[PDB]
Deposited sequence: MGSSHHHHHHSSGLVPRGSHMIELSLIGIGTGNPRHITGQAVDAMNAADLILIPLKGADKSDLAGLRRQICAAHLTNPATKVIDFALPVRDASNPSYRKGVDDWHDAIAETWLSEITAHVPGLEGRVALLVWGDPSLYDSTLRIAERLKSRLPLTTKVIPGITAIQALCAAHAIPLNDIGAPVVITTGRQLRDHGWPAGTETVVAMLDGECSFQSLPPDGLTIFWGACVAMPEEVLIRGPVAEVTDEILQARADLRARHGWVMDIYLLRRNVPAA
C-alpha cells in the first residue's frame, strides 16, 4: 500500500489564482484535509474551504476539517509543534484511509516551496507511512505583488534576493543585489535600513478585496506605509504584507 500526499498550492487569496493542475489534484483525491479556523486569522480557513468547494467535482472525495495543534508558547517548541502536526495528519490519514492505499491532499497558501512548513512537516511522515509526496505549484505573494504593481521582479540580467524581515534587521542590505523582496515581516523592517537610493513597492492583502498598494522613495513613503498597515490591522484584526526594495546608487 501507498499513500500519495499532494501538497496543493492555492495562490494568495484571489480565488481565481487556483490552477487547473491544482483543480485536477483536488478531484483525484480520496481525502482533502483542511484546518479548522483557529487563533491565527491570517490562515483564512473559510476562504481555503471556499476555494476547495468552488472546484471539487469528484462526488466521492471526503473533505475533512481538523483541529491544528497549538504551539506551546511556554517552552524546541517549534519542533514539538511540527511533530504534533505530523501526528495529526498521520492519525487523520490512518482513520480515513485505513487500508493506507489512496490519495490525500493538503491545500497550501501561495506555493508550497516558499516560506511554508507543510513540506518539511510531511517529511516527518515518510518514516511512518508508505508515502509519496507530490507538490502542485501555486501563485506566490512575490508574483502577486509584482503583478499588482505591474513591475518586473528583476533588473535586466541581475540577481534578486528573497529574504525575511528578521534577516534584514539582523544583517542589513543583502550583499550582491540591487533588488530585495522581504517576506514574513511583521514590522516593516525596511525602516531600519539606510533609505538612501531605495524605492519600495509595498502591498498588504495583495490580490484580496482589502488590497493596499504603496510605492515610492523609502524616505518619503515609510510613514504612509506604517499608517496604512496599522489601519488595515486595526480594522481586520490581522495583516499580511510583502514588499520589493529597488536600490539605485
property: Segments lacking C-alpha coordinates (deposited sequence numbering, starting at 1); result: 1 to 19, 95 to 98, 273 to 275
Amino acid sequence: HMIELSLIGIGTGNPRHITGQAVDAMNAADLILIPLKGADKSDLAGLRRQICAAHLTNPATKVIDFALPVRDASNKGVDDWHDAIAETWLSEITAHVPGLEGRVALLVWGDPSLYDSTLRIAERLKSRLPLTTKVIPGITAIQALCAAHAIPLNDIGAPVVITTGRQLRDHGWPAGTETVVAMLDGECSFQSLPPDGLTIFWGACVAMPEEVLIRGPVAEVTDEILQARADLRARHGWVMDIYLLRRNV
From here on, numbers count along this sequence of modelled residues.
{"item": "90 to 98 versus 163 to 171 - greater average Cα B-factor per the deposited record", "value": "90 to 98"}
{"item": "Selected stretch [higher average CA B-factor]: 140 to 148 or 100 to 108", "value": "100 to 108"}
{"item": "Which of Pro217, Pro194, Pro59, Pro69 ranks first by CA B-factor in the deposited coordinates", "value": "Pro69"}
{"item": "Selection by C-alpha B-factor (highest) of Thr199, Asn27, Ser42, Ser189", "value": "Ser42"}
{"item": "CA B-factor ranking of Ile3, expressed as a third of its chain", "value": "middle"}
{"item": "Entry-reported Cα temperature factor of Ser117, expressed as the chain third it lands in", "value": "middle"}
{"item": "B-factor third for the C-alpha atom of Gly9 within its chain", "value": "lowest"}
{"item": "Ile156, C-alpha B-factor rank within chain (lowest, middle or highest third)", "value": "middle"}
{"item": "CA B-factor ranking of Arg229, expressed as a third of its chain", "value": "middle"}
